Structure formats: C-alpha cells, structure tokens
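Reading through the structure tokens given below for one structure.
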Amino acid sequence: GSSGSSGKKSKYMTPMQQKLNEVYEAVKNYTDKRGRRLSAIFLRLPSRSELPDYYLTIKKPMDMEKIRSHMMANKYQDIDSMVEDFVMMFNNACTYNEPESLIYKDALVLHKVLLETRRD
C-alpha cells in the first residue's frame with residue numbers, strides 16, 4: 001500500500017523529517033578519495049574580527065550551521081528547500097576560493113553528491 005499528504009507550512013511532526021537529516025549527515029560523513037572531510041572546512045567560518053576581508057568579498061555568507069540549526073528546529077519544509085541552499089554554499093566558494101585549491105574541486109563533489117541523494 002501507499003499514501004500521501006500536502007499542506008505543510010508550520011512546525012508539525014512528519015516522517016519526512018528523517019530525510020532532511022540523513023541527507024545532511026551524508027554530506028558530513030562523505031570524505032575524499034583518501035579520508036579528508038570536505039564539510040570540515042565548511043563547518044565553522046572565521047568571524048569578522050578574525051577574517052574580516054572575507055565578509056567584504058562574500059556579501060551572502062552561508063555556513064553548514066545555517067541549515068542544520070534551522071533544520072533541527074523543524075524549520076525547513078522539503079528537501080528541495082535545503083538543497084537550493086547548499087548550492088549557494090558552493091557557488092560562492094567557486095569565486096571566494098581559487099580555481100586551483102582543495103576547497104574548489106572538493107566543493108563540486110559535495111554538489112554532485114547532494115544532487116544524487118534526492119529521491120524521486
């Protein structure tokens with residue numbers, strides 16, 4: 001058998017709350033060809049006092065915490081809502097970081113990976 005529903009725009013208990021997490025973690029656990037966490041360099045960002053020049057460059061700074069924080073608080077709605085965000089995380093990275101860095105090529109991966117998780 002099977003069933004479905006629609007009309008989720010508030011804090012409610014839903015089974016879809018399991019995925020939002022699974023997918024999120026999947027990216028965290030994901031490692032390089034050897035064993036280098038790609039999200040590690042995207043987990044915590046340097047504050048203004050530390051790396052101010054950063055803010056000057058990236059006007060729309062996005063960190064992994066942003067999603068997690070909210071998500072955990074059943075803030076998001078659907079998986080597509082979380083993905084649309086991750087995209088930016090890498091988008092800006094492409095520029096912020098050099099085209100010949102470790103975070104550059106790494107980012108691309110984190111993108112292709114998340115693009116796979118999504119289930120029809």
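Identifiers in this document derive from the order of the structure tokens: chains are assigned A, B, ..., residues are numbered from 1 separately in each chain, and ligands are numbered from 1 in order of occurrence.
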I'd like a table as a tab-separated table: residues in segment 74-95 of chain A with an atom no more than 12 Å from segment 21-35 of chain A, each row giving the shortest atom pair and its distance in Å to one decimal, only C-alpha atoms counted, sorted by chain and rising residue number.
```
residue	atom	partner	partner_atom	distance
A:74	CA	A:21	CA	10.3
A:76	CA	A:21	CA	11.0
A:78	CA	A:21	CA	11.4
A:79	CA	A:23	CA	8.6
A:80	CA	A:23	CA	11.2
A:82	CA	A:24	CA	8.8
A:83	CA	A:24	CA	9.5
A:85	CA	A:24	CA	11.8
A:86	CA	A:24	CA	9.8
```
>> Going by DSSP on the backbone, which residues of segment 59-114 of chain A come out as helix (DSSP H, G or I)? List them as JSON, numbers by chain.
In response: {"A": [64, 65, 66, 67, 68, 69, 70, 71, 72, 79, 80, 81, 82, 83, 84, 85, 86, 87, 88, 89, 90, 91, 92, 93, 94, 95, 96, 102, 103, 104, 105, 106, 107, 108, 109, 110, 111, 112, 113, 114]}
Selected residues written out, N, CA, C and O atoms, as a compact mmCIF listing (two decimals), in the first residue's frame:
```txt
# COMPACT_ATOMS: atom_id res chain seq x y z
N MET A 64 27.38 25.68 6.95
CA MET A 64 26.65 24.43 7.16
C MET A 64 25.72 24.55 8.37
O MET A 64 24.65 23.96 8.40
N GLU A 65 26.15 25.32 9.37
CA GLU A 65 25.36 25.51 10.58
C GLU A 65 24.01 26.14 10.25
O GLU A 65 22.98 25.73 10.80
N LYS A 66 24.02 27.12 9.37
CA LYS A 66 22.80 27.81 8.97
C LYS A 66 21.66 26.81 8.75
O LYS A 66 20.62 26.89 9.41
N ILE A 67 21.87 25.87 7.84
CA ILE A 67 20.87 24.85 7.55
C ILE A 67 20.59 23.98 8.77
O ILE A 67 19.46 23.94 9.27
N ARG A 68 21.62 23.30 9.26
CA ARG A 68 21.49 22.44 10.42
C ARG A 68 20.64 23.11 11.50
O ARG A 68 19.56 22.64 11.84
N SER A 69 21.16 24.21 12.05
CA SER A 69 20.45 24.94 13.10
C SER A 69 18.95 24.93 12.85
O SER A 69 18.19 24.32 13.60
N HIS A 70 18.52 25.61 11.79
CA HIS A 70 17.11 25.68 11.44
C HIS A 70 16.51 24.28 11.32
O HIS A 70 15.61 23.91 12.08
N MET A 71 17.01 23.51 10.37
CA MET A 71 16.52 22.15 10.15
C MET A 71 16.17 21.48 11.47
O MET A 71 15.02 21.13 11.71
N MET A 72 17.17 21.30 12.32
CA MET A 72 16.97 20.68 13.62
C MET A 72 15.68 21.17 14.27
O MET A 72 14.94 20.39 14.87
N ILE A 79 12.95 18.73 1.13
CA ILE A 79 14.36 18.51 0.82
C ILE A 79 14.86 19.54 -0.19
O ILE A 79 15.98 20.04 -0.08
N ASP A 80 14.03 19.85 -1.18
CA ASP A 80 14.39 20.82 -2.21
C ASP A 80 14.69 22.19 -1.59
O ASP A 80 15.44 22.98 -2.15
N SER A 81 14.10 22.44 -0.42
CA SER A 81 14.30 23.71 0.27
C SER A 81 15.71 23.79 0.86
O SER A 81 16.30 24.86 0.94
N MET A 82 16.23 22.64 1.28
CA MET A 82 17.57 22.58 1.86
C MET A 82 18.64 22.58 0.77
O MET A 82 19.68 23.21 0.92
N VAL A 83 18.37 21.86 -0.31
CA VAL A 83 19.31 21.78 -1.43
C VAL A 83 19.57 23.15 -2.03
O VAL A 83 20.71 23.59 -2.14
N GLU A 84 18.49 23.84 -2.42
CA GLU A 84 18.61 25.16 -3.01
C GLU A 84 19.62 26.01 -2.25
O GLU A 84 20.24 26.91 -2.82
N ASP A 85 19.78 25.72 -0.97
CA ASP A 85 20.72 26.46 -0.13
C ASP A 85 22.15 25.97 -0.35
O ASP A 85 23.03 26.75 -0.73
N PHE A 86 22.37 24.69 -0.12
CA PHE A 86 23.70 24.09 -0.29
C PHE A 86 24.35 24.60 -1.57
O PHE A 86 25.55 24.90 -1.60
N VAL A 87 23.56 24.69 -2.64
CA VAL A 87 24.07 25.16 -3.92
C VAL A 87 24.89 26.43 -3.76
O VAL A 87 26.03 26.50 -4.21
N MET A 88 24.30 27.43 -3.12
CA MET A 88 24.98 28.70 -2.90
C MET A 88 26.29 28.49 -2.15
O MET A 88 27.32 29.06 -2.51
N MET A 89 26.24 27.68 -1.10
CA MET A 89 27.43 27.40 -0.30
C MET A 89 28.64 27.12 -1.19
O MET A 89 29.74 27.58 -0.92
N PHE A 90 28.41 26.37 -2.26
CA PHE A 90 29.48 26.03 -3.20
C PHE A 90 29.64 27.13 -4.25
O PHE A 90 30.76 27.47 -4.63
N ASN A 91 28.52 27.66 -4.72
CA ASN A 91 28.54 28.71 -5.73
C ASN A 91 29.57 29.78 -5.39
O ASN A 91 30.53 29.99 -6.13
N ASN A 92 29.37 30.45 -4.26
CA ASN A 92 30.28 31.50 -3.82
C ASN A 92 31.70 30.95 -3.66
O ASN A 92 32.67 31.62 -4.01
N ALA A 93 31.81 29.74 -3.14
CA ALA A 93 33.10 29.10 -2.94
C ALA A 93 33.92 29.11 -4.22
O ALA A 93 35.13 29.36 -4.20
N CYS A 94 33.26 28.84 -5.34
CA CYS A 94 33.92 28.82 -6.64
C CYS A 94 34.72 30.10 -6.87
O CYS A 94 35.80 30.08 -7.45
N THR A 95 34.17 31.22 -6.41
CA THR A 95 34.82 32.51 -6.57
C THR A 95 35.73 32.81 -5.38
O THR A 95 36.93 33.07 -5.56
N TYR A 96 35.17 32.78 -4.18
CA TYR A 96 35.93 33.05 -2.97
C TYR A 96 37.26 32.30 -2.98
O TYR A 96 38.30 32.86 -2.64
N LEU A 102 42.02 23.23 -2.86
CA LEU A 102 41.47 21.96 -2.39
C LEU A 102 39.97 22.08 -2.13
O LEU A 102 39.23 21.12 -2.32
N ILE A 103 39.55 23.26 -1.70
CA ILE A 103 38.14 23.50 -1.41
C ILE A 103 37.33 23.65 -2.70
O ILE A 103 36.14 23.37 -2.73
N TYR A 104 38.00 24.09 -3.76
CA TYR A 104 37.35 24.28 -5.05
C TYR A 104 36.83 22.96 -5.60
O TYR A 104 35.62 22.73 -5.66
N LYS A 105 37.75 22.09 -6.00
CA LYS A 105 37.39 20.78 -6.54
C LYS A 105 36.52 20.01 -5.55
O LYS A 105 35.59 19.31 -5.95
N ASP A 106 36.84 20.14 -4.27
CA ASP A 106 36.08 19.45 -3.22
C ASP A 106 34.61 19.86 -3.25
O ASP A 106 33.72 19.02 -3.18
N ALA A 107 34.37 21.17 -3.35
CA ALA A 107 33.01 21.69 -3.39
C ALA A 107 32.18 20.98 -4.46
O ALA A 107 31.12 20.44 -4.17
N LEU A 108 32.68 21.00 -5.69
CA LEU A 108 31.98 20.36 -6.80
C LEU A 108 31.44 18.99 -6.39
O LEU A 108 30.28 18.66 -6.66
N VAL A 109 32.28 18.20 -5.74
CA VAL A 109 31.89 16.87 -5.29
C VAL A 109 30.68 16.94 -4.36
O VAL A 109 29.67 16.27 -4.60
N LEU A 110 30.79 17.74 -3.31
CA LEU A 110 29.70 17.90 -2.35
C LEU A 110 28.39 18.25 -3.06
O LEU A 110 27.31 17.96 -2.56
N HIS A 111 28.51 18.86 -4.24
CA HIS A 111 27.34 19.25 -5.01
C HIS A 111 26.75 18.04 -5.74
O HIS A 111 25.56 17.75 -5.62
N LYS A 112 27.59 17.34 -6.50
CA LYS A 112 27.16 16.17 -7.25
C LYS A 112 26.60 15.10 -6.31
O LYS A 112 25.70 14.34 -6.67
N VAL A 113 27.14 15.05 -5.09
CA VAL A 113 26.70 14.08 -4.10
C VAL A 113 25.28 14.38 -3.63
O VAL A 113 24.43 13.49 -3.58
N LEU A 114 25.04 15.64 -3.28
CA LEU A 114 23.72 16.06 -2.81
C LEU A 114 22.68 15.93 -3.92
O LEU A 114 21.51 15.67 -3.66
```
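Pairwise distance (atom CA of residue 43 of chain A, atom CA of residue 59 of chain A) equals 18.3 Å.
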>> What's around residue 12 of chain A at 10 Å? Count only C-alpha atoms, leave out sequence neighbours fewer than 4 positions away in its own chain, and write the answer as JSON, numbers by chain.
In response: {"A": [8, 17, 74, 75, 77]}
Keeping only N, CA and C atoms, take the residues you just selected and write them out as a short mmCIF file (atom, residue, chain, number, x, y, z; two decimals), in the first residue's frame.
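Saved as result-v9.cif:
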```cif
data_model
loop_
_atom_site.label_atom_id
_atom_site.label_comp_id
_atom_site.auth_asym_id
_atom_site.auth_seq_id
_atom_site.Cartn_x
_atom_site.Cartn_y
_atom_site.Cartn_z
N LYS A 8 2.05 21.46 4.32
CA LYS A 8 2.96 21.62 5.44
C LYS A 8 3.67 22.97 5.38
N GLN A 17 10.92 14.32 8.12
CA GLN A 17 11.92 14.94 8.98
C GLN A 17 13.14 14.05 9.13
N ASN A 74 13.00 21.83 12.99
CA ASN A 74 11.92 21.59 12.03
C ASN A 74 11.48 22.89 11.37
N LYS A 75 12.45 23.66 10.88
CA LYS A 75 12.16 24.93 10.23
C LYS A 75 11.90 24.72 8.74
N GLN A 77 11.03 22.94 5.05
CA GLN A 77 9.76 22.35 4.62
C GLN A 77 10.00 21.05 3.85
#
```
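With only C-alpha atoms as the atoms that count, the residue of A:5, A:63, A:16, A:117 with the shortest distance to residue 40 of chain A is A:63.
You will find atom CA of residue 99 of chain A at 21.6 Å from atom CA of residue 44 of chain A.
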>> Please compute the atom CA of residue 38 of chain A-atom CA of residue 14 of chain A distance, one decimal, in Å.
In response: 29.9 Å
